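What follows is a set of notes on a single structure, which appears directly below.
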Amino acid sequence: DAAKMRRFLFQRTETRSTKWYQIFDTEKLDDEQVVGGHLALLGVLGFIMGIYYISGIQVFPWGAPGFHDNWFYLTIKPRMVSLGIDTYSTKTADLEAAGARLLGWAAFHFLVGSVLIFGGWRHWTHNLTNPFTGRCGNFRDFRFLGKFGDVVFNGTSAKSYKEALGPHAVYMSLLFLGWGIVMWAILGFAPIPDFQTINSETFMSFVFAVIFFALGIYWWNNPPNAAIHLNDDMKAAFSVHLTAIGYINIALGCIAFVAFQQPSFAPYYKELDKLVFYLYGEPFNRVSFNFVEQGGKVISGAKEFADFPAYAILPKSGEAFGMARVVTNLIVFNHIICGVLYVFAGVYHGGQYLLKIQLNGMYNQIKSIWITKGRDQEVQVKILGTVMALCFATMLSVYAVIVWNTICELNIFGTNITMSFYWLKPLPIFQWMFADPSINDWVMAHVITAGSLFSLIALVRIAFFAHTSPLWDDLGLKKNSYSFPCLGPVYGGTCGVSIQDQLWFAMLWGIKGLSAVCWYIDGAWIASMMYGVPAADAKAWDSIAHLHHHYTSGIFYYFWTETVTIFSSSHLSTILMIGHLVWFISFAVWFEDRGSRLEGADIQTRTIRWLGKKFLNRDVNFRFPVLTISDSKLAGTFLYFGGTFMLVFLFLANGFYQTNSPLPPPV
Amino acid sequence: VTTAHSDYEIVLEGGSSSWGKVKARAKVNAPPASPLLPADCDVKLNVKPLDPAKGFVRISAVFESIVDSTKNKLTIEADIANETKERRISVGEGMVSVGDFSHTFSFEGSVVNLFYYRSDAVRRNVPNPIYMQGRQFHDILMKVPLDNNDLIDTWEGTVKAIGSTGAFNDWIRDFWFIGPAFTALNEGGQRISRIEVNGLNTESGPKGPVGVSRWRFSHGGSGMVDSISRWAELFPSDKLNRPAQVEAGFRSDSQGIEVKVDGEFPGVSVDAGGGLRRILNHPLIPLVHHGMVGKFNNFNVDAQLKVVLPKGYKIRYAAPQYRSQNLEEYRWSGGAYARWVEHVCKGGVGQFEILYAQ
Amino acid sequence: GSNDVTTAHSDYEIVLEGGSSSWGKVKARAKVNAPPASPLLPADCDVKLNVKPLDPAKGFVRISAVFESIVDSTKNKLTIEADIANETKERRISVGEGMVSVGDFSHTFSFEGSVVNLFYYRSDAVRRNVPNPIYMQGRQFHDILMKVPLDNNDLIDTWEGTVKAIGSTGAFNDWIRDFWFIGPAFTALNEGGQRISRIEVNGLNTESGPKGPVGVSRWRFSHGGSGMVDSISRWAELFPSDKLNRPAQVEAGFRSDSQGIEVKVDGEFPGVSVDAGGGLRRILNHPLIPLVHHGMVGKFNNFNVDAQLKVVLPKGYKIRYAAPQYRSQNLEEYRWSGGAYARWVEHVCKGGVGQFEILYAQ
Ligand code: BCL
Ligand code: BCL
Ligand code: BCL
Ligand code: BCL
Ligand code: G2O
Ligand SMILES: CCCCCCCCCCCCCCCC(=O)OC[C@H](COP(=O)(O)OC[C@@H](O)CO)OC(=O)CCCCCCCCCCCCCCC
Ligand code: SF4
Ligand SMILES: [Ca+2]
């Protein structure tokens, strides 16, 4: 009746809505519910760690062929060899012990995770009753553990988050000491301050246990004040800690990248190059079209090799396939992308809280420095403008250097590779942080700076212009939803001004500066777009710049080289197809086409209703829903970012192929 | 240690109704400032509208208490109605008992509150006026049968004192404010004028002589005095369409205070203009009075406030900011709310306004 | 163990003037993370005081004060202009005009004022035996002739209410003090030693002025002090007109809030330092009333205030007997931080009057 339809597209409208992906929004969660959710998720984390340990079994000591290699366990196998729970052992006898140890640790993780999940469930339901004693614990005022909960934290459980930092630090000191004693007792590894063995890990676990305990005492008796995070800790403290964890995670990725290449880490990562890996989905022993089983020996349709019966997964060496740095790059890039995403999400959730306090006037009611700074509307403009100017300068300089390098490679306009930026290396005072310092590393540093500033532009726009901007201050407008996609074509268009869309743009902009890491950690010569290509002079880089290594290929030729192995395997090929499929579908929701989709969905609804009557019968009242531009942007950011980083994984997991033999000039 | 536990709840009603359930409990690990300890007290305030024709409401108040092992009791019935905007009349009776002594009283008193100014410039400019100076004029006729020997002795001593001591009018204020009550008088901005006794007499009542005391006094405030600054706000007789009851008490031993209060009464939510209701501005006299006793010990506080809005209503500008919104009920805990709770326990009158609309 | 922290930060700087001058730059920034005791919040205020010497012939100084404030989105303002002079050692005369505006309402005033300060005693035994007399009991006698044009309909209503209230009520003379000191102002009278006497209304007559009716108020009042009040005990020292050889300004302002207070103070005026004998000069004794007035409002949140004080002596001067002792000295300027000084800062923020005197000489 034209109104029954109207309260159908008045159901996805980007007003304030339920938004199923916000059921666990911190606004409706209290402190104890957060504790319980984190405990349950840590229990599930223990469950999946046990699953990974099970996937690490190769002999099943009770007697059976084991699991094939997989990235889920290959990314942690060096750690388990470091802890002595797994082995790089060539013999079944020492591998049965590793299987037994992994099975026992998986069972232990299952038990501990079940306990942790049950505790988190009881915290989630506000049910801290001890079934053995029948009493009930008080979340607001509890003794921590007992006598230990009285000598330190003399009763008086923390009532505020700034008052909870200290007991948390003491809890983390307990964690460090517990891990140290677990090392010392279960895993051997007595604490020796020899910073070249795993014993140093136990020693530094005890050192950090002492440090964290003292710091927790100090912050228990002298709580610090960020002030504002105490009130809306659901979003303020949560987002600040999220961006802090993002920076910590980027730092951890850098630590992993530096450490896993050191000689002290050789028996755990570099020794992966002496192994042979049988990965799921890799090229299997193929057979002809007329295989008739009857094992022991093939009769009709001889397979590729007489060995590896039927459809066995073919071996691949760890030296040609650089599994050492493949695993290193997987771990490092995982933690780097997670850190970048956590920084972006912390800025976004902080902008959410900050718009919430700008809407109710609490923004002017903040006393802490962290907002009294940006409550200026000019220091906001100055900061964003100087970030944009620095991003413009760095990005323009580095991109023009890259384009000139590519021109000199291809000899466009009759140029030559000696006209390129082969001389532009890091300073000798900066050459210590690179191996084989060249224009590639200079370009990497400047591309990292440019991409970080490019994403920082949108991060600053989230931080400052959550509710209003100098443009929207000059106009008679204000932002009051953090998720509204637009106000319309007025002023030529107002698309994507909310902090959610600014988050999406920050993610898309950081895609470049983050994939630049994938090129780098794979050694892919981002200093030019066509490297190693035999066009004019791209193979002369190794001689003109006196390179010591030989990186894979330039930015564009990186999709030709090392894709020879993505295509060579079925699993990586189907991942490539799925990633590209997911990625381009984001155009259906980022392109300014939502109303076209709504109109076409109305047409399809009328068609299906009519097609359900001309041929079928009965009412066809079902109608096609269209994702609104808020939902369209959310789904599009997910589709785009996942589509690109399901294939950055393919670049990372297809091999290293960054040989240390600089090829001679073409001459 | 000396940690302060307290749970507050506000269950509001929507529309024109201003009613709201108020139930709170509090635990304090500090010695109360009572020279007689331990002290226990129970108070029950029940109100029902006698005749909604012209404002009769029957307010009943029973104060049961035990201080240092003596049993105290004070019941008082009162039919209170507003003759006009500024005048109120109360008719009723009551009883006070301490130990084995008990004397029943009946009274017919009228209270006239007058504001010093009624300027429209302030009223139209300040949307939420807190301080509002003025005076009330209490005209009280209280009657007490003189059947006890102690009652007759009190009456004779008072008559002799008024006959002889001419300074009785201002020396009664020393007796009439027991101990720190006199200091609290000035702390809260109150000041009592000298009483004027319009007559003392006795006559043969239903069973014996009765002491009839026609006396008058007036006290004025500088703005904190919530009896004066907000005269009609403290007595919502117009919006009392059903019985209202409040049960409160505390068990205050020598090493702690155990507060318990219930409540169901109108006037919890007042319109603040622009279709925006608010929790009624916090009375200043309780805060400034408790601040003299709430400043004697350093205390940590874990105070939690429930504000259950009606169906569809939403809080806009809660300050200190609420912690967790859950459907239609709100929570305050820690952070600025704990700081504000400590502020108002120690003596501050800082504003914690909860504006809300539908 | 521990308690609630509720930290507060504050910086203070004193830049003294050389020679025999008592001048000195005074600036003080502060930030308190505690709710203020204002029942209407937020309550922001900006204050500007300026004085310039009209003429040294008979000690008139042109003093102006602008108080522009917002409390609960109500833009309040009160500007005054006055010409104040000491015609003798005990009597002060002031003539000037001003205005007050609140939201839409605004009314101007012009006042002829005379304040007479009488100490209850001037015994020489006290003078010759107490080198630093702090308490000094006395009476201030205010005689005010203020004229307000009754142009607004509210001003005429205020006049009609007041003149009808004075003639009909005999208790106006003392009940005026209840309205006069709104809210905590009345309570703060007794906790500072002040006693406000009944005002005598010499007459409320209205006559047509330059533009219309002008309400004229000739009324006197006298407030007494137990020696605890600075406006009485330190009456001579709070009006250094003799030492005002150049314009003096004090620009202050606080940003009160729902969960904090932010304070700025900038000052430049004489009387920052006084003498103590034999070329030994000292920073002026701290005024009693501000300390014991902020005390009854600054004891509601437990706080561990970290305060830094900076005293920049003029060239050739060295501090002798700073108590509490200065934490550091850069050979020309002295710095207070933590230790016993932070204890005194908390003491005076809670209302204590612990003597922190700084003496210096060349
Ligand atoms: C407290 C501050 C002022 C004061 C302000 C008022 C106010 C305001 C009123 C009176 C009123 C009256 N006053 Mg008086 N009055 C004071 C001191 C006195 C003294 C004395 C010996 O000191 C006396 C005898 C009186 C006598 C009287 C009676 C004529 C009358 C109340 C009778 C009644 O209600 O009884 C029953 C006794 C009580 C109910 C005790 C409980 C009192 C407390 C303060 C009520 C708290 C209400 C609680 C916060 C919420 C209530 C919710 C429930 C639904 C009730 N007043 C002090 C100085 N007085 C009332 C009137 O108008 O009479 C015409 C009135 O509205
Ligand atoms: C407004 C006060 C309440 C009241 C509350 C109390 C309380 C509380 C107590 C007593 C107690 C007693 N009551 Mg009684 N009592 C009242 C009315 C009276 C009257 C009377 C003629 O109206 C009389 C003779 C008495 C007599 C007595 C005293 C003999 C006896 C113990 C001494 C004491 O301190 O009393 C207090 C005396 C007064 C507060 C009022 C005295 C009235 C005088 C005789 C007549 C009025 C004089 C003057 C005009 C009123 C001045 C104002 C009053 C100070 C409020 N009450 C009124 C209704 N009464 C004690 C008891 O019950 O058990 C030990 C006690 O603790
Ligand atoms: C504050 C304590 C005493 C008080 C003590 C004094 C003192 C002391 C003096 C007066 C003086 C005056 N008083 Mg008085 N007086 C008080 C209450 C009042 C009230 C009232 C309604 O309450 C009124 C109407 C008056 C009226 C007056 C006028 C008769 C006269 C000049 C007013 C003027 O110039 O403004 C001046 C006011 C300001 C400029 C606003 C700032 C006020 C504060 C106190 C100044 C702080 C100075 C700051 C610490 C340092 C400034 C240094 C810069 C160089 C300026 N007083 C209270 C009770 N009064 C003056 C006089 O003698 O006139 C003959 C004078 O010296
Ligand atoms: C000494 C105080 C300052 C002053 C400062 C303020 C302030 C502050 C405010 C007003 C405000 C108003 N002023 Mg004014 N105002 C003064 C002089 C006057 C005179 C007059 C004949 O002299 C009149 C009619 C008025 C009229 C008015 C009221 C109608 C109006 C709002 C009510 C209010 O609170 O009044 C306040 C009334 C007084 C403080 C003085 C009233 C004077 C009476 C009519 C004549 C003197 C009577 C008596 C002898 C002197 C008593 C001394 C006072 C108690 C201090 N003012 C003097 C100059 N005036 C309000 C406003 O501006 O915007 C809302 C307000 O907040
Ligand atoms: C994968 C590629 C795409 C489709 C498949 C597709 C399908 C589609 N689109 Mg599209 N689209 C883009 C990509 C795709 N758009 C891009 C990149 C842009 C940006 C330029 C874009 C833009 C618009 C605008 C502007 C409008 C539409 C519509 C419109 C609808 C037409 C209805 C119809 O005739 O049926 C045609 C529908 C089909 C043939 C679907 C059959 C399945 C098949 C086997 C492909 C499988 C789907 C997928 C590959 C597998 C995922 C399944 C999952 C389980 C893993 C119809 C559903 C319009 C409407 O909604 O209404 C008319 C409209 O207005 N678009
Ligand atoms: C007779 C007339 C025709 C009737 C039938 C025609 C309609 C049939 C269409 C059916 C199939 C539709 C074709 C596809 C439709 C298409 O391609 O358009 C994308 C589509 C949005 O479509 P609209 O809602 O605009 O309109 C489609 C309409 O057909 C009905 O909605 O949905 C998405 O945004 C997908 C994201 C869902 C959310 C997923 C987010 C990411 C989750 C994680 C996955 C990635 C992992 C991370 C990697 C980065
Ligand atoms: S194109 Fe889409 S997102 Fe942009 S303003 Fe128009 S409706 Fe909004
Ligand atoms: Ca690779």
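These residue numbers are counts, starting from 1, taken along the chain as shown.
This deposition comes from electron microscopy, 2.9 Å.
Here the Cβ of each residue, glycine as well, is placed from N, Cα and C on the backbone.
Copied over from Swiss-Prot:
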{"type": "BINDING", "residues": "B:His103", "note": "bacteriochlorophyll a 1 binding site"}
{"type": "BINDING", "residues": "B:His138", "note": "bacteriochlorophyll a 6 binding site"}
{"type": "BINDING", "residues": "B:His282", "note": "bacteriochlorophyll a 4 binding site"}
{"type": "BINDING", "residues": "B:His289", "note": "bacteriochlorophyll a 7 binding site"}
{"type": "BINDING", "residues": "B:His290", "note": "bacteriochlorophyll a 3 binding site"}
### Task
Fill in the CA-CA distance, B:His290 (bacteriochlorophyll a 3 binding site) to B:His282 (bacteriochlorophyll a 4 binding site), as an integer in Å.
13
### Task
Check the binding-site residues B:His103, B:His138, B:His282, B:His289, B:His290 for any whose Cβ is under 6 angstroms from an atom of ligand 1, and report them in sequence order.
B:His138
### Task
Please report how many Å separate the Cα atom of the residue listed as 'bacteriochlorophyll a 4 binding site' from that of the residue listed as 'bacteriochlorophyll a 6 binding site', as a whole number.
25
### Message
Within 10 Å of its Cβ, which one of these binding-site residues (B:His138, B:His289, B:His290) has the largest number of other Cβ atoms?
### Response
B:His289
### Task
Report the binding-site residues (B:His103, B:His289, B:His290) that meet this criterion: Cβ distance to the nearest atom of ligand 2 under 6 Å. Use sequence order and write none if nothing qualifies.
B:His103
### Task
In three-state terms from DSSP, label B:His138 (bacteriochlorophyll a 6 binding site) for me.
strand
### Task
Would you mind reading off the Cα separation of the residue listed as 'bacteriochlorophyll a 1 binding site' from B:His138 (bacteriochlorophyll a 6 binding site), to the nearest angstrom?
22
### Summary
B:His282 (bacteriochlorophyll a 4 binding site) has its Cβ surrounded, within 10 angstroms, by a count of other Cβ atoms equal to 16
### Message
Validating a neighbour-count step here. Other CB atoms within 10 A of the CB of B:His103 (bacteriochlorophyll a 1 binding site): how many?
### Response
18
### Task
Quick one: pull the CA-CA distance for B:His289 (bacteriochlorophyll a 7 binding site) versus B:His138 (bacteriochlorophyll a 6 binding site), whole Å only.
22
### Query
For the residue listed as 'bacteriochlorophyll a 7 binding site', what is the secondary structure state per DSSP, taken as helix, strand or coil?
helix
